[PDB]
Amino acid sequence: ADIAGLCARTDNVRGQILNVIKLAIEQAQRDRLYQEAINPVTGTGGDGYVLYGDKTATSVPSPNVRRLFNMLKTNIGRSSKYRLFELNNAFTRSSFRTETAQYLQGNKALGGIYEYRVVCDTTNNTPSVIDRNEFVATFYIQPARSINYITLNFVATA
Amino acid sequence: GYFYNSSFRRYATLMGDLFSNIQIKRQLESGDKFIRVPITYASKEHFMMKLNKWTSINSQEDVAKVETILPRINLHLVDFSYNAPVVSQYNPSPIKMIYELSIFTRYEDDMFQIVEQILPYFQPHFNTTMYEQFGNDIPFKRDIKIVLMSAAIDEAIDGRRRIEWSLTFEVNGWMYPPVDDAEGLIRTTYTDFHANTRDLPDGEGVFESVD
Amino acid sequence: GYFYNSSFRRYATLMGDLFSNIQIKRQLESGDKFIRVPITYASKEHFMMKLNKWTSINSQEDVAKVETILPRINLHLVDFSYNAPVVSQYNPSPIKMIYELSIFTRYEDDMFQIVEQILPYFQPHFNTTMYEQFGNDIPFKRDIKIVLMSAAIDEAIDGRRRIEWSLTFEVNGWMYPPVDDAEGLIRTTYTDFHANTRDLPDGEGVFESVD
């Protein structure tokens, strides 16, 4: 219940918790718990702090990184309302692309995403050809602290 | 029998069409008659030749028929040059085109009416946003500035005969290499003298044929 | 039977060849026909005299063969001067050369097609890198700026008859004393309107003979 609010906080949705006065438990086990993808709390010299950032993660690279991606994906999908507004064309590739790109670029400028290449990190649903189809937003984004680009695809289509 | 997507053609038709819909009031006994001024696109020399040909009384049926020919307007391109402020075509090239708009009239009153319908909309310039859509893509937005450059007043007598006033206009427009008509016909709209968005009629619709 | 390595000759051919490959679309029932516009190099007056000789309707075999003559382009040098920014020849002298490119046409549409294929590439200037290799030595790199200076529109009537538009071009090039053809033939390449590195054809290939 607590750590969840501790997320609404730090980055987008691990730094001592507020009103604790004792934890049920406070190295081998800790390393074991990590990897297990479990969120531990440890107390050192008094005051307990979050050992690790979180998640019961699975097939992805081991890497905060998640929140960046989850947030982007969630926001991108909402922009789907726009699709109903207009028709799909080459131009629609632009426009939608420009809109999302502006959002993505902002993330980079603020910091949070790095090495974002508008050229080949954006969307073309159809294979690069004259032919095209509805647009799905696929993006390769890299969280600032991690040398890995992750591919995420969200689709707006029939 | 013509390159439909011609940039020159589009500017000729745009210009022709801003001035296509001009009428003069002509008071009759039965009541007021409003007559539309017919517009042609032709070299001035050419137009004047054919105009002397139409206005010639060869037979008796000509006598009446002859006073319907005037008033009219002839339009022509007379100059163009690069318009000084990676590949080229939307992004396209700022060009500047010079048009002679020539009003001919048998009566000072006719002239006054017509020109009063042209002149006030150029202070000294008249802006218009033009939209050219390719097949089905997002239309392109070309900002077209038309500037009234100068005017010229003259006659040509015989006993009435014929008044000629010419306006010179600078269109600040856009050029790019030809896009084949086979690649799809360009769709064009624009804002008229009242910012009302008409769409560009085909050439054949605006200009009466000098031929 | 001509000084092959003539610098004036090279520039005449460079200019002629940039404009060697211009076609107009001409719609037929069987299908669209594309016709290449033939280019000549001649003093303008000369070209026009001979053009009046070809355009004269002498017989019935002449009547048809009339619309194969137009459209055409005539090219000529009309002025040159030093181009104010140990011995002299590569390192050579900055010269400036003035060319009149005269387009003649029976139909406004023809003109529109042609000029639309020229005009957008001069804003107001068009760059081309030229490579001139001597025998087998390392090539020389001459940067050539061609500037569109002005255009001039005219007619010449008889009942249609003939539309004439003339472009004037400033080539910012390079002059040096003649290098004998016997010392080895010059190899020349250049970048066309699309940065495509074509190699400069011999004179005899670009210009049709006015003679």
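Residues numbered from 1 in each chain as written, not as in the entry; some residues may be left out. Chains lettered and ligands numbered in written order. Part of a larger assembly, values for the part shown. Heavy atoms only, no water. Residues with missing side-chain atoms left out of burial classes, pairs and counts.

Method of determination, as annotated in the archive: cryo-EM, at 15 Å resolution.

(A) Representation of the packing of helix α1 (residues 7-18) of chain B against helix α4 (residues 108-118) of chain C. Running from N to C, α1(B) and α4(C) point in directions that differ by 120 degrees, and their axes come no closer than 8 Å. Where α1(B) approaches α4(C), its residues B:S7, B:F8 and B:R9 are matched on the opposing element by C:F112, C:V115 and C:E116. When grouped by side-chain class, the residues that make up the contact of α1(B) with α4(C) number three nonpolar, one polar and two charged. (Axes fitted to C-alpha atoms, helices over the stretch in contact; angles between N-to-C directions. Helix = DSSP H or I, 4+ residues; strand = E, 2+ residues; numbered from the N terminus. Contact = heavy atoms within 4.5 Å. Nonpolar A, V, L, I, M, F, W, Y, C, P; charged D, E, K, R; others polar.)

(B) Region of interest: the side chain of B:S7. Topologically, B:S7 is positioned in helix α1. Exposure remark for B:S7: the relative accessible area of 0% places this residue in the buried category. If sequence neighbours within four positions are ignored, B:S7 has contacts with B:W174, B:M175, B:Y176 and C:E116. (Buried < 20%, exposed > 50% of the residue type's maximum accessible area, 1.4 Å probe, protein only.)

(C) Quick look at the sheet that holds strand β8 (residues 163-175) of chain B. Residue and element names in this part refer to chain B. The mixed open sheet is built from eight strands, whose spatial order is β3-β4-β5-β8-β7-β6-β9-β10. The open sheet has two free edges, formed respectively by β3 (39-41) and β10 (197-199), since each of these has just one partner strand. Neighbour-to-neighbour, the strand axes of the sheet open up by a mean angle of 30 degrees, direction not taken into account. Of the pairings in the sheet, the one linking strand β9 (residues 186-191) to β10 comprises three bridges and is antiparallel in character. Bridging from a neighbouring strand, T189 pairs with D199 of β10. The strands touched by helix α4 (residues 108-118) within the sheet are β4 (72-82), β5 (93-105) and β8, with β5 carrying the most contacts at an inclination of about 155 degrees. (Pairing = 2+ DSSP bridges.)

(D) Summary view of the nonpolar core. Formed by 82 residues in total, the largest nonpolar core has its most connected members in B:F8, B:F19, B:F80 and C:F169. Each residue touching B:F19, except ones within four places of it in the same chain, is listed here: B:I39, B:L101, B:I118, B:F122, B:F169 and B:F193. (Core = buried A, V, L, I, M, F, W, Y, C linked by side-chain atoms within 4.5 Å.)

(E) Just the relation of the copies chain C and chain B, in detail. Between the two copies, chain C and chain B, the superposition gives an RMSD of 0.3 Å; the rotation angle is 60 degrees and the shift along the axis is 0.3 Å. Taken together, the rotation angle and the small translation identify this as a six-fold axis. (Least-squares fit on C-alpha atoms.)

(F) Representation of the interface of chain C and chain B within the structure. Listed by partner, the interface residues are 23 residues for chain C and 29 residues for chain B. Of the roughly 2200 Å² buried between chain C and chain B, counting both surfaces, carbon and sulfur atoms make up 65%. On the chain C side of the contact with chain B, C:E116, C:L119 and C:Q123 bury the most area, a combined 25% of that side's loss. Joining chain C to chain B, the criterion identifies one salt bridge. The tally of links from chain C across to chain B stands at nine residue pairs in polar contact. Examining the composition of the side of chain C that touches chain B, we find that seven residues originate from one element, α4(C), more than from any other. (Buried area = accessible area lost by both parts, 1.4 Å probe. Salt bridge = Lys/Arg side-chain N within 4 Å of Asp/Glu carboxyl O. Polar contact = N/O pair within 3.5 Å; in protein donor to acceptor, adjacent residues only side chain to side chain.)

(G) The arrangement of the sheet that holds strand β8 (residues 163-175) of chain C in detail. Residue and element names in this part refer to chain C. As summarised here, the arrangement of the eight strands in space is β3-β4-β5-β8-β7-β6-β9-β10, forming an open sheet in which the pairing is mixed. Looking at the sheet topology across the chains shown, the edges are occupied by β3 (39-41) and β10 (197-199). Averaged over all pairs of adjacent strands, the angle between strand axes in this sheet comes to 30 degrees, irrespective of strand direction. Where strand β7 (residues 140-154) meets β8, nine bridges bridge the pair, whose relative direction is antiparallel. Of the residues in β8, the one forming a bridge with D154 is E164. With respect to the sheet, helix α1 (residues 7-18) is in contact with β3, β4 (72-82), β5 (93-105), β6 (125-134), β7, β8, β9 (186-191) and β10, its orientation differing from that of β8 by roughly 135 degrees.

(H) Expanded view of the packing of helix α3 (residues 65-78) of chain A against helix α5 (residues 90-110) of chain A. All names here are of chain A. Between α3 and α5, the shortest axis-to-axis distance is 11 Å and the interhelical angle comes to 155 degrees. Taken together, the axes of α3 and α5 are roughly antiparallel relative to one another. Remark: the crossing between α3 and α5 carries right-handed chirality. Taken together, the residues of α5 that come into contact with α3 (itself represented by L72, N75 and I76) are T100, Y103, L104 and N107. Partitioned by chemical class, the residues of the contact of α3 with α5 number four nonpolar, three polar and no charged. (Parallel < 35°, antiparallel > 145°, perpendicular 65-115°, else oblique. Left-handed = near helix turned anticlockwise from the far one by under 90°.)

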